[PDB]
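Just one chain follows, in the form deposited in one PDB entry, and it is written as structure tokens.
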């Protein structure tokens, strides 16, 4: 189906943009680059795993990995007077007493490729800027979910969608060529503006075309196109290690889509009072609005939360991610079936409870049981996927046609606000205690579970 394919491609191409940070911006293990260590290593013959025993701050209670990652012994490594057995025994009565400094001269990264982290040195004190990368995108989303309606009111639909697709394709391509963090964040923001606009527009068009009976099914099929997008993201990120190659390979298809769309007649897609206060005027409607806002926020937070957490902590990222993407499909069938069989409130509650429990269990798990961790992670991802499917319908059902679209605009803006807050909770906060983010996700999931039961 051409008329179906041309929109599902525009859904599948959105997933590499939203989640791509997990592959464009991994943080590999690193230590302070150390001038003269290469010379002393050449003299003494230290192998890669051996040099880190003698040339980096040692681990201890409470890890001390921060010292290894962000400090270095200020030793005169050029000295041939140093012992090749262990130079630090020649220099101090105890290693603890050596002079220590910051990595003034550079960084060494254990990867054959590169990521934005490795390429702009977003390590140690700079590491917040990495969360600033995903935050700028979700800020683009927030400005999109509100400004796109006004724009499309003031600018013609065909012109609007042509513009936003061209700008998405270009800005995504140009991001690969950004030479500095400022320009990269600006392209990330422009793409944040236009990507959600395109995604919502394509969704609207596909649901406007398909008959009202099949429309509901086609919505879930359009979601599953996102999962196929995640699978493609994994494949490309495995074939193309350097983040620029990946960014081009991700962006190009949306460019070629315009070279296709212009070459053949596709005009029907574009050719074919509400007030914010009225969403709150009455206490029951107001309460339901608050609940839907909360649940959209919670599921956004948990979805990006689990994906970024996995990106930050998984030991076999590519298969830990592949086996997680391919779980949304069974999740989609479980959703569609259960929606038809017994409704939507009980599934949305149970699936949020399942997500909360899965997050909580990941606190207690012994992490060497990688096979258990990946299973619980999959159970969580399935849960939050089913909940997102359910709430996409429930947010239509609980608002009347007089305000339904404004309710969607609100809820989506709440999702984008959660997308803005989630990164700093996942990374910039995780350095306090690795349980913390999972405690938050557990609490959020359990509350979303309990709160859900109040909806009619």
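We call the rigid core whatever largest set of C-alpha positions still superposes within 1.5 Å between the two forms. Numbering follows the first chain given and starts at 1.
A second form of this protein, the form deposited in another entry, is not displayed here; the remarks below concern that form.
K.L.:
Can you spot, among 209, 107, 203, 318, the one with a CA shift of 2 Å or more between this form and the one not shown after core superposition?
P.N.:
After core superposition, the one over threshold is 209.
K.L.:
Kindly check if the Cα atom of residue 26 is displaced 2 angstroms or more between this form and the one not shown relative to the superposed rigid core.
P.N.:
No, the C-alpha position differs by under 2 Å between this form and the one not shown.
K.L.:
Superposing on the rigid core, I want to see if residue 185 changes position between this form and the one not shown - specifically a Cα shift of 2 Å or more.
P.N.:
Residue 185: C-alpha displaced by less than 2 Å between this form and the one not shown.
K.L.:
Rigid core fitted, is the C-alpha displacement of residue 297 between this form and the one not shown 2 Å or more?
P.N.:
Yes, the C-alpha position differs by at least 2 Å between this form and the one not shown.
K.L.:
How does the C-alpha distance between residue 293 and residue 189 change in the other form compared with the present structure, closer or farther, given a change of 3 angstroms or more?
P.N.:
Farther apart, by at least 3 Å.
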